[PDB]
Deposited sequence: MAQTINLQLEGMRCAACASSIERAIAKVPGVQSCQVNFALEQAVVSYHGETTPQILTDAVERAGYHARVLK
């Protein structure tokens, strides 16, 4: 697969982590997602990084790919 790391903004509580995890899981192609709450980071494996960041932004959070 391919794996990307995202730096997120706007997570304020566990419900935010859940919303983001759900937004990512509704993206066709995604295989796996983990969120680091304190650091506002996600690691996502998928089968379109722009697809992922766009989904997170639609859920109401900022997202950028880390390189």
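Of the deposited sequence, the ranges 1, 49-51 have no C-alpha coordinates according to the record.
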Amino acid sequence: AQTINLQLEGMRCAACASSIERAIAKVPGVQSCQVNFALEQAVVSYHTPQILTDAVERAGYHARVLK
From here on, numbers count along this sequence of modelled residues.
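Stretches 5-13 and 19-27 differ in mean CA B factor, with 19-27 having the higher one.
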